[PDB]
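One structure is given here, and the rest of the page talks about it.
Here the Cβ positions follow ideal geometry from the backbone for every residue, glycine too, while neighbour counts run over all protein chains shown. Rule-based calculations on the coordinates, nothing more; no lab input.
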Amino acid sequence: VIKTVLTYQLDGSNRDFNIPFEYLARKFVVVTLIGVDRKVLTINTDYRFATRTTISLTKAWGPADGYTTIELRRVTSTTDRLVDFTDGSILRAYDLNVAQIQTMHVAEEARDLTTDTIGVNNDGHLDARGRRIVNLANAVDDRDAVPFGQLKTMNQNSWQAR
Amino acid sequence: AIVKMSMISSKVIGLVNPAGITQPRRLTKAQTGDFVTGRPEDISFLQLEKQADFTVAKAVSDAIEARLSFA
Amino acid sequence: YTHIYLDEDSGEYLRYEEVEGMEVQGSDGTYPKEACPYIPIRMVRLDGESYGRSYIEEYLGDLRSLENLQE
Amino acid sequence: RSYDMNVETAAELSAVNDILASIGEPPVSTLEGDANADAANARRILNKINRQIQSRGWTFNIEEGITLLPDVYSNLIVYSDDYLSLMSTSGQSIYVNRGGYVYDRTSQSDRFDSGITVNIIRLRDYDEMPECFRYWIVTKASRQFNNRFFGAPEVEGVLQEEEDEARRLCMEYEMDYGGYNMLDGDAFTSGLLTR
Amino acid sequence: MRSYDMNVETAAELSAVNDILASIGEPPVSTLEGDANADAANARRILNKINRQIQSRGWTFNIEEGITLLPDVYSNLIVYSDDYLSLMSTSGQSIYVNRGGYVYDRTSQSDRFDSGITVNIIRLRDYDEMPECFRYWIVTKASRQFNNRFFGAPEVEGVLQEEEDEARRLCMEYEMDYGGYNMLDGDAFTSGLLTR
């Protein structure tokens with residue numbers, strides 16, 4: 001029920017930020033500062049993990065710099081596994097649980113990413129699945145084939161053209 | 001080959017043993033005399049050890065030059 | 001500037017002096033193709049090339065190497 | 001059977017190998033909450049040895065024309081801990097670490113407006129090292145771990161011999177990598193070959 | 001890299017048996033699912049480690065000079081896989097290193113390649129593919145490491161040291177026989193001199 005992104009808005013100057021999900025290691029939590037470009041902030045230079053689930057930035061990075069979203073996505077590596085089993089080990093229950101958690105984190109991240117897409121189905125139909133296409137202002141211009149909500153006022157005007 | 005070996009020989013490099021105590025900074029920043037702390041064995045210079053090959057090359061070159069001059 | 005050139009027709013060398021833009025009417029000498037008193041010189045003549053190729057030109061490598069060694 | 005799975009090497013298989021240097025048994029997690037007092041110690045020794053080997057200075061890890069950009073507002077360059085060495089491209093180095101920022105010894109100023117070019121060695125992950133250096137690092141880490149904690153004489157001796165062999169192999173690797181030529185390819189003699 | 005158990009046992013069983021004998025351990029007959037032996041996996045690990053080291057030593061039968069490593073045409077990235085024991089260039093000072101997990105051209109400061117690079121690479125190959133002399137040397141070195149890691153036995157250590165020296169001598173003999181390496185007409189500089 002909790003997404004892995006929780007895209008934020010700068011809404012002025014803010015420093016402290018929160019993440020809703022849980023991560024095995026802070027190497028699997030990326031903070032891409034989007035807005036004018038896909039700017040991504042690395043660790044130790046722009047990052048600061050004051051405490052678990054309270055990521056904070058060095059400065060505000062307000063909209064004045066052209067950055068409006070800081071989506072805190074979570075990506076778990078599928079090549080660098082947290083626990084790899086060996087025939088001479090003890091088989092800690094903590095090991096088995098960590099392995100299942102990481103694999104579930106990789107799959108839930110790959111099911112959330114793919115489910116938020118538009119594409120054809122086996123029948124050969126692409127469905128939005130009842131997902132409103134918000135944030136497409138200025139829709140149309142040389143017959144771009146979509147409105148952005150001004151259709152209401154335009155049709156009101158045309159209704160009383162007489 | 002001989003000329004290139006000579007050019008190799010011309011270059012001078014100061015090989016200072018790290019295990020030693022002589023520090024080249026006090027060698028460079030010192031006028032004539034000016035007793036300095038260090039040991040002579042620490043400072044060594046790279047050399048072109050290729051000598052016997054030089055002798056045989058010179059012998060062959062001399063023989064070729066002699067036959068050509070006769071020719 | 002003193003410029004001498006072959007006559008475009010079946011003529012001899014034409015000589016004139018140019019000081020600044022315009023020549024000087026005083027200098028209008030004409031000399032035969034044979035007795036030209038300017039006499040350009042060349043030490044080593046090579047076909048195509050108009051002049052040059054000094055004697056030391058083909059020993060410049062020896063001078064380079066010897067000077068490097070002596071330095 | 002007929003598959004090509006890749007097992008970890010970054011602090012995972014290296015830690016196991018260090019443990020097996022002595023009689024120790026192979027772990028699996030290496031990040032489990034259990035401190036384990038050997039995965040932590042083996043990781044610390046491996047990381048320290050990796051840092052030392054990188055700082056030794058080699059052809060592949062030395063970056064020649066790296067340019068560092070000062071912060072525009074402060075005109076300061078941060079001398080990060082990852083900068084194992086920082087020497088000027090010319091004969092004389094003039095950059096040193098003052099506080100936590102680059103300081104110009106000759107100019108006696110750390111306010112850089114344009115930038116600097118320096119020969120810099122930057123720390124890189126263990127896995128990024130070649131096989132020769134990985135083996136040398138593992139052998140050195142195993143020897144140090146034994147000498148510090150277990151103190152097994154025969155194991156210490158054989159690990160010293162293997163460390164010497166690994167150093168020889170790494171030196172030969174570096175000499176092959178560089179392809180250094182004392183004739184054309186050298187600085188002073190290349191000019192002399194203008195005959 | 002690779003785990004010890006992934007590869008099947010064809011002739012590595014003999015090497016594992018020798019490693020286990022270098023300590024008294026009786027010889028197994030399966031080296032497979034039916035092992036349940038802690039001294040067999042700890043021998044296969046040593047065998048794999050020593051095989052990797054020996055291959056990385058740079059012998060003439062696994063230099064495979066002249067590769068044409070190709071990049072992905074949509075990403076333009078070559079992969080410096082862990083199997084690549086040593087990647088170098090045919091010319092002098094080589095310019096290829098490993099950044100992240102992809103080849104990086106340090107001189108050009110770019111890891112994007114369009115056509116394809118040529119290198120002198122040492123790609124890891126199974127223990128079976130090693131010649132007999134190299135297999136014997138690998139077995140001897142692995143035996144020494146196994147013994148001095150798990151048991152000790154200084155006399156056995158000395159015997160294994162002598163055997164390792166002899167095996168290295170045989171391996172070097174095999175390498176010089178294999179290559180040929182004529183200093184006249186085989187050299188890259190003298191051969192041109194002999195043009196006359």
Extension gain, A:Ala145 back to A:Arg38 (0.36 nm per residue minus Cα-Cα distance, nm): 35.8 nm
Sites A:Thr54 and D:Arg148 - FRET efficiency at Förster radius 60 Å, r taken between beta-carbons, to 0.05: 0.95
Cα-based helix-to-principal-axis angle, E:12-21 vs chain E, degrees rounded to 10: 50
Label point distance in nm, D:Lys48-D:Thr67, each placed 7 Å from Cα along Cα→Cβ: 3.9
Amide proton proximity set for C:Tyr16, modelled H, under 5 Å, gap of 5+: C:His3
0 to 90° range, to nearest 10: angle between helix D:153-178 axis and chain D longest Cα axis: 40
Mean separation of Cα contacts under 8 Å (6+ apart) over length of chain E, as relative contact order %: 22
Mean ellipticity per residue at 222 nm, deg cm²/dmol - from DSSP H runs of n ≥ 4 across chain C, formula -39500 (n - 2.57): -4500 deg cm²/dmol
Listed residues A:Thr69, A:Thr32, A:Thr117, most fluctuating in chain A (Gaussian network, C-alpha, under 10 Å): A:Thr117
Helix E:132-150 axis, angle to chain E major axis (alpha carbon atoms, nearest 10°): 60
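Using a 10 Å cut-off on Cβ atoms, rank the peptides B:35-44, D:55-64 from the highest mean neighbour count down.
So the order, starting with the most tightly packed, is D:55-64, B:35-44.
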Taking segment E:1-103 and dividing mean pair separation by its residue count, relative contact order in percent (alpha carbons under 8 Å, at least six apart): 20
FRET E, pair C:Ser10, C:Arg53, Förster distance 35 Å, beta-carbon r, rounded to 0.05: 0.60
Average partner coverage of E:57-68, which counts Cβ from other chains inside 10 Å: 1
Label-point separation in nm, E:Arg123 to E:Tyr181, each point 7 Å along Cα→Cβ: 2.5
Chain A - percent relative contact order, Cα under 8 Å, separation 6 or more: 20
Protection proxy ranking, peptides E:4-10, B:9-15, average beta carbon neighbours within 10 Å, highest first: E:4-10, B:9-15
FRET efficiency, 1/(1 + (r/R0)^6) with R0 56 Å, evaluated for A:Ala137 and D:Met5 via beta carbons: 0.70
Computed over the protein assembly as shown, Cα set: Rg, Dmax in Å: 36.5, 120
Sequence-distant residues sharing a close amide H with D:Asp110 (under 5 Å, placed H): D:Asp104
Residue-averaged beta-carbon neighbours from other chains (10 angstrom radius) around E:90-98: 4
Inter-chain shielding of D:131-141 (mean C-beta neighbours from other protein chains, 10 Å cut-off): 3
